[PDB]
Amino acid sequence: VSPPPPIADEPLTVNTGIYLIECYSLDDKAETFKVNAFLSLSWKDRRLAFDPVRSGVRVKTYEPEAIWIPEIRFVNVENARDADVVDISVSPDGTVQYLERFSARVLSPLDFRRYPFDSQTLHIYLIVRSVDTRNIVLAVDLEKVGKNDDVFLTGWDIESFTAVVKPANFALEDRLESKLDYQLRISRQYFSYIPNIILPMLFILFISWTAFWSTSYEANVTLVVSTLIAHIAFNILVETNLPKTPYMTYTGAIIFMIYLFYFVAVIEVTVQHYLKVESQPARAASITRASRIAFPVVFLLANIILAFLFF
């Protein structure tokens, strides 16, 4: 089999569509997601044209091996898609309608700057390489782009699945290449981060601040060092669910800042004890009373500054 010949000099237009059946395994560390979808293809092959009046048949069904099919690939996949052809239909004018169901693991970079209050645009890039006989170009049939109502991505809200209708046509290894960008817009369900990480992390921090109502150095050291260790555990827990980024994330910034608050609380607890031992408790009392206001106030203002810089 060979490509359909051009009537004049025009490129062969392959109309495409992706209909999402399943979305699963959005892996933040790997920056991948798995997809199960319909891939629809349509192009004109005049060699396959027939008369509907004398044939009595409106459509002809072909097997993939019987006819020429464009070699359509995904750019951002781990391995080649696992595909099963569903149907091939030919209209009397020779317009071919191809439908396959496929599954693939897609590589799509994620922006973690606003994590866990982040939104993402996942991409599925469709591509075709031109043949020596003729140039193949891709198009979007909007009537064949969509998603099943039941499509759920655990921990995410699916906003939209659209295609950038204009392909990116470019030369690659002395041939033309036609690339389409299918975009799946999602927003993270931040809900569970509040009772599981944010509030427990705030509770232990506020517990360290009870040391500002205590003159017992031994108890103070226990309060601030124990809660610091619990903060380290939350830091480790959070960084296991995330890849290493060449930038600060919102959560990373707060987690890092809270260390400074633990460090300054240890200085305060040390300074307080040192002065009491030096028979200067009136002074220690002034620093401790100031700390009761300063620590929550600086914590609030630093969080307003951070929220402003990130959102």
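Don't overthink the numbering: it's just position in the shown sequence, from 1.
Between the stretches 282-290 and 57-65, it is 57-65 that shows the larger average CA temperature factor. When the C-alpha B-factors of 166-174 and 119-127 are averaged, 166-174 comes out higher. As recorded in the entry, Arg134 carries the highest CA temperature factor of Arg105, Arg114, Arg101, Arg134.
Split the chain's modelled residues into thirds by C-alpha temperature factor. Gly17 is in the lowest one. Per-chain ranking of the deposited C-alpha B factor places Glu268 in the middle third. The deposited CA B-factor of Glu218 belongs to the lowest third of values across its chain. Per the PDB record, residue ranking by Cα B-factor puts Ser208 in the lowest third of the chain.
In the PDB entry, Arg46 places in the highest third of its chain by CA B-factor.
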